[PDB]
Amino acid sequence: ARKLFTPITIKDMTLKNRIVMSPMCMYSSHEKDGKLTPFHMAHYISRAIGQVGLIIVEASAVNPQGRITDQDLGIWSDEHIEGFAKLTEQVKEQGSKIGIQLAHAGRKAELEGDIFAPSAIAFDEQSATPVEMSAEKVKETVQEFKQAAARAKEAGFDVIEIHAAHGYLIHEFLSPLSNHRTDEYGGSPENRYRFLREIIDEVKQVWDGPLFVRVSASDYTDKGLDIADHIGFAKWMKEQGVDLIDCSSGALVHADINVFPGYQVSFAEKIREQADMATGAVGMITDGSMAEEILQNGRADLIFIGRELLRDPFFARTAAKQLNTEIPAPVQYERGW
């Protein structure tokens, strides 16, 4: 059997294959309340019918002002539990496992009113300057990630992923380019990592299941973070009990990034090798052959697929055919697959 379609167990969770639907914002919560809509349901459940091993729900704000846009999904209120409970149940019924990405847009939040970050530094020339979070505010935000995780557990999610990438709040604390704080949350790598450290420990108090952390393995910028920095954070996350690091990159500030098939794979491979940590590979992986190569050559443990799953919801089937293998089809499509 192909490794891509070989099961894997993480904590109490067993995925039927190594294909993961990468979290992707749909900006479709038109009521601006962070709640799910019929579109979200059809969008996610169709990939479950499509046999994706694990579906990670798009960035979901742990605080309303932590949304990227007012059309984002949210999990800052118990009122968000009802909808998510229906989603997890329906995705699970099709045979897929489901996760949610807990997030906070930080200085990249496109909302009216003050937005927050570790330091009052704008993302770019077009962005509003954020307010530096008070130590009190930082600690309250840590509690919001914990509270959000508790809601995700109640909602029935199998995995929880902390969004510590793409220039958002946590990433902003991690990088010296965006974190100029003079308190316990800034300075040394230990201090810059403190925010994430506290989030992981608190989430641990309410969630014992699989815990992923998505990082931007590089800032591709002089004086910014690079893979060496992230290998360091990874070892600390391993000690804290993080099960897998979802390896993305960039977006802290505009930068020149050479994009190509598997351009972020080196990050997943190095963290896996040097930090002895399971990793998720993502970034222009669009066919089963590359997915299989990545896994067989020990470059990552899970293959995150984003845009290809937008073009082909049934990528699992397509990948199976490309690898000349067979996978179970959803019962209702037996006469077509």
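Numbering starts at 1 and runs along the sequence shown.
Asks: When the C-alpha temperature factors are averaged for each of 117 to 125 and 159 to 167, which stretch ends up with the higher value in the entry?
Replies: Of 159 to 167 and 117 to 125, the stretch with the higher C-alpha B-factor average is 117 to 125.
Asks: Decide which of the stretches 63 to 71 and 48 to 56 has the higher mean C-alpha B-factor, going by the entry.
Replies: It is 63 to 71.
Asks: Among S249, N179, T182, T141, where is the Cα temperature factor highest, going by the PDB entry?
Replies: Result of the comparison over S249, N179, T182, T141: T182.
Asks: According to the Cα B-factor stored in this entry, which of the following is highest: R194, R214, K146, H254?
Replies: Highest C-alpha B-factor among the listed residues goes to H254.
Asks: Check where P261 lands among this chain's C-alpha B-factors and tell me if it's the lowest, middle or highest third.
Replies: According to the entry, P261 has a C-alpha B-factor in the chain's middle third.
Asks: Based on the deposited C-alpha B factors for this chain, I'd like to know if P38 is in the lowest, middle or highest third.
Replies: According to the entry, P38 has a C-alpha B-factor in the chain's highest third.
Asks: Determine, from the deposited record, the chain-internal third of the Cα B-factor for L111: lowest, middle or highest.
Replies: It belongs to the highest third of the chain when residues are ordered by C-alpha B-factor.
Asks: Rank-wise, by C-alpha B-factor, drop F173 into the lowest, middle or highest third of its chain.
Replies: Its C-alpha B-factor belongs to the middle third of this chain's values.
Asks: In terms of the chain's CA B-factor thirds, is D287 lowest, middle or highest?
Replies: As the PDB entry reports it, the C-alpha B-factor of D287 lands in the highest third of its chain.
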